[PDB]
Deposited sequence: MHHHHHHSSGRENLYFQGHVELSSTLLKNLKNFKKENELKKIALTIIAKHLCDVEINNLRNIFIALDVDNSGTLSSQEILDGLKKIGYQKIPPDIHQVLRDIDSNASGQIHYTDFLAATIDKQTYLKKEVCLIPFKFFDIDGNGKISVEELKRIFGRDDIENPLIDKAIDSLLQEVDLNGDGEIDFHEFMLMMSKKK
């Protein structure tokens, strides 16, 4: 009542995606590819309304025209999309970046990327398995630094592996 805030869940997630850790971003992409239309219905409807040229992708102009036809945080998102390979955000990546914890933060949902990452099925993501998510396990000191930084942040018990409880906690954060 009076002057209030009805914040956009879709925009909050969209601006937060880039800054999420690299494991969470891939887990969110896997989740987005597995959720059915009933679970992402609001995001699908918005994407269709914005995708005026039916390209299956959104440009910065389509997103900008939507904030008009229908802040520094949203302006940075537009510049981040302009800077990527195609100058666009594909449907799947848009869903990954906009899906909310209310939808994804559930054991049944997070088990989808977790089981995929856990190659041997021992309930833990080893350093080798973790490296295999991002690139070839044969080829770099920058890769080792990124893995070490990812492990510090996620491997709470410091046993050099990622269990399901640690995976759920990381998925909830930020």
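Colleague: Would you mind checking the deposited sequence against the model and listing the stretches with no C-alpha coordinates?
Modeller: Missing C-alpha atoms (numbering from 1) occur across the ranges 1-16, 87-91, 161, 197.
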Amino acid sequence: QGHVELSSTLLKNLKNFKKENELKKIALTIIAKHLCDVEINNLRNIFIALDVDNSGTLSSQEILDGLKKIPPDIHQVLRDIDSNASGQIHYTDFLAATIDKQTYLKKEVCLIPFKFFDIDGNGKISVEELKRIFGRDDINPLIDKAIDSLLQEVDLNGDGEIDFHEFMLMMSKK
From here on, numbers count along this sequence of modelled residues.
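Colleague: Please compare 120-128 with 34-42 and say which has the higher mean C-alpha temperature factor in the record.
Modeller: Comparing averages over the C-alpha atoms only gives 120-128.
Colleague: Tell me which stretch has the larger mean Cα B-factor in this entry, 88-96 or 73-81.
Modeller: Per the PDB record, 73-81.
Colleague: Ranked by Cα temperature factor within the chain, is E62 in the lowest third, the middle third or the highest third?
Modeller: Middle third - that is where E62 ends up once the chain's C-alpha B-factors are sorted.
Colleague: Please place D51 in the lowest, middle or highest third of its chain according to the CA B-factor in the PDB entry.
Modeller: Lowest third of the chain for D51's C-alpha B-factor.
Colleague: Please place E20 in the lowest, middle or highest third of its chain according to the CA B-factor in the PDB entry.
Modeller: For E20, the deposited C-alpha B-factor lands in the lowest third.
Colleague: By the record's CA B-factor, is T9 among the lowest, middle or highest third of residues in the chain?
Modeller: According to the entry, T9 has a C-alpha B-factor in the chain's middle third.
Colleague: Thinking about Cα B factors across the chain, which third does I147 belong to?
Modeller: Ranked within chain, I147 CA B lands in the middle tercile.
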